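Chemist: Fold the following.
(one chain, ligands or ions: 1)
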Amino acid sequence: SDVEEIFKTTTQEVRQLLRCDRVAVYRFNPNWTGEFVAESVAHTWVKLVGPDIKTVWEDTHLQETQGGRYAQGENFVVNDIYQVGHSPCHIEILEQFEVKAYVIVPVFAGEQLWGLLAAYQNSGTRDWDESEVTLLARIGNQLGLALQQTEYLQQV
Ligand SMILES: *[C@@H](C)[C@H]1/C(=C/c2[nH]c(/C=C3N=C(/C=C4/NC(=O)C(CC)=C4C)C(C)=C\3CCC(=O)O)c(CCC(=O)O)c2C)NC(=O)[C@@H]1C
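Modeler: Numbering: from 1, shown residues only. Now the structure:
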């Protein structure tokens, strides 16, 4: 898929921007499961887009909220998962993939929410400057605009 090529390049691009270890792009399914279709990670960590992904327990967040906050267009910034009071159930999943600090950005493409962008890297109780958060939400928007162009010019 030519569109996937763009995603795979964008994941790597934004990974360098926020100095993340891995960047996963979810795709909101019509059933709101939201699977990771494109992801990139440094060769020294673990991947996400793999058929051999073993998680402590399977968890979809996207159906329960059905986009919710992210569908509303609000960003979510997590300085630390133990600090904000995250669910221990999700924390165990997060820490299993070295996720202690992260920022959630919704990827609108077209008229509605297409995917989800996850940026993080073994930071712990770090901070996210708004000037860097706006850039991440900018990448998602730019991707959505591109995605629209590729949607037509792809043809069948
Ligand atoms: C414990 C897991 C119960 C639960 C809680 C819960 N989950 C979220 C948010 C997300 N969970 C995601 C799932 C995965 N799977 C992976 O392999 C992976 C890579 C590390 C992740 C992140 C997921 C993508 C999200 C969305 C990102 C987000 O944090 O919103 C939340 C949010 C609040 C919190 O406490 O973290 C909750 C409450 N969900 C279940 O299904 C379990 C019963």
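Chemist: can you pull out the strands in this structure?
Modeler: When secondary structure is read from DSSP state E, the chain shows strands at 22-27, 35-41, 76-78, 102-109, 112-120.
Chemist: Could you tell me the angle between the top helix by length along the chain and strand 112-120?
Modeler: In the chain, taking DSSP state H as the definition, the longest helix is helix 130-154. Per axes from the mean of the first three to the mean of the last three Cα atoms, to 10 degrees, the angle that helix 130-154 makes with strand 112-120 is 130 degrees.
Chemist: What lies in contact with helix 130-154?
Modeler: Contacts of helix 130-154 with the rest of the structure, by Cβ atoms under 8 Å, 6 or more residues apart in numbering, involve 2-3, 6-7, 10, 13-14, 17-18, 75, 77, 103, 105-110, 114, 117, 119. Every C-beta, even on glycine, is put in place using the N, C-alpha and C of the backbone.
Chemist: Only the buried residues of stretch 53-63, if you could.
Modeler: For stretch 53-63, a neighbour-count test (16 or more other Cβ atoms under 10 Å) marks 61, 62 as buried.
Chemist: is the ligand contacted by it?
Modeler: Yes - when contact is scored as Cβ under 6 Å from any ligand atom, part of stretch 53-63 falls within range of the ligand: 55, 59, 61.
Chemist: And that stretch, end to end?
Modeler: Terminal residues of stretch 53-63 lie 20 Å apart, using Cα to Cα, to the nearest Å.
Chemist: that older thread, which members of the contacts of helix 130-154 additionally contact the ligand?
Modeler: Among those, none lies close to the ligand by the criterion of Cβ under 6 Å from any ligand atom.
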